[PDB]
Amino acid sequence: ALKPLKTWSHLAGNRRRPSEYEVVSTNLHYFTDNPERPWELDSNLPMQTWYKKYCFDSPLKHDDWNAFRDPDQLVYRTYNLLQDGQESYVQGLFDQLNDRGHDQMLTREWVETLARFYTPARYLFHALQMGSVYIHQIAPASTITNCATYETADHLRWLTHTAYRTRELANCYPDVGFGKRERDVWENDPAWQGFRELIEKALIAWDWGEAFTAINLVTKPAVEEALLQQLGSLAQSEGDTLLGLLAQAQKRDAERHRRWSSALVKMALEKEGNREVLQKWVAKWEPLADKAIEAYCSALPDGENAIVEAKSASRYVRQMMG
């Protein structure tokens, strides 16, 4: 007869008693069990074709994608503890800086800057949301997908901040058109077209490998350095301390997404040819981001320098993974 085990059979002989994270996160996807017929239906179904092409056939290869582990070791239970605390602080910032009428203290100039450069971010942030939610559904292992799962939540989290803040701003300054104008700005403003091209094109890269690079190694650090780092230094030196703090709160999220992208890239390099593969994808996209960073930061005050710091910061992210 079969003996009772100390742990999940797939984890037997680990030496270390497996952690909650290992216990609820691992070797979970099953479409991977039959690369020839991922889903328990006809093999010629459009969705079979889709997974074979974009997951199984990715040029980015590994013998055991299920080995991957999240540096932060995030599970639903832990993700909610983390983010509730971080929401308490941001909702606390919102509550109390209002109480004191922070919005009234801002200059007419900065308010125009807010409408152009800040509240349209709801579109770009939602796009990333979509971006990461696609990574989720095509990555070749549960532990990878889960990282994408939480990132996507954070992505929606930033859109939520941005939505909330937009009403508060429209409330304080009705004649401005906050809440009404952003679509048009997003769609027709030279400052935003850099980014919107980058993202729209990223969003149809279907290969999980390329999607992960396009979104997580290329597009995200560019949105992050331009929209949070740069506009945040500006926010702050411009008398908008809310945004300065808001943005810094959101960048915690970014650094955690970086951590797990980092870890995955590290893992990919265990296998020959993957560094070349990854580098080819960056080299395809990097110019699209350069364009994104230029078109945006240049219409900023001190535009030329914003461009130079963001370029090298977002690049620094990728140098640090090799």
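So that there is no doubt, residue numbering starts at 1 and follows the sequence shown.
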Going by the mean C-alpha B-factor recorded in the entry, which is higher: 158-166 or 101-109? 101-109
Record-listed C-alpha B factor of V23: chain third: middle
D63 CA temperature factor, ranked by third within the chain: highest
Rank-wise, by C-alpha B-factor, drop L41 into the lowest, middle or highest third of its chain. lowest
By the entry's values, the third containing the CA B factor of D240 is the highest
Ranked against its chain, the third holding the CA B-factor of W192: middle
